[PDB]
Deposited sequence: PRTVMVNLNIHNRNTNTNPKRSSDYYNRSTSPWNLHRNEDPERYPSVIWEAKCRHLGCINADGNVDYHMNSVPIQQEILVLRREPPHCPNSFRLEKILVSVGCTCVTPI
């Protein structure tokens, strides 16, 4: 029960040179703001070494960020939302295994 008013009028190629490079995947949800979210997906299980080979002794892992979205509530009523918490992959890094 904590309601506020929001004006929705608003204010690299690392993915490619990274030893843990990634692609983006589109998710669209018309009941959600933002409706389109791009999620990072690691290209490889391992990490690319200085020869351009995959080395599976290291791991590409996605960096997951807690992020909020607006969900329409009650549904289809266009002016009114609840804040939701989701986990989104924003990129990949290379970790030494445990």
property	result
Stretches with no C-alpha position, numbering per deposited sequence from 1	12 to 22
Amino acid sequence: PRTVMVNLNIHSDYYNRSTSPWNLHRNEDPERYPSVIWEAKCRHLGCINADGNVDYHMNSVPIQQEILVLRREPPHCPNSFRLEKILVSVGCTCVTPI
From here on, numbers count along this sequence of modelled residues.
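In this text, rigid core is short for the largest set of C-alphas that superpose within 1.5 Å between two forms.
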item	value
Greater root mean square CA deviation, 13 to 21 compared with 80 to 88 in 4 other deposited structures of this protein, core aligned	80 to 88
Selected stretch [higher average CA B-factor]: 30 to 38 or 55 to 63	30 to 38
Selected stretch [higher average CA B-factor]: 88 to 96 or 1 to 9	1 to 9
Cα B factor band for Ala50 (lowest, middle or highest third within the chain)	highest
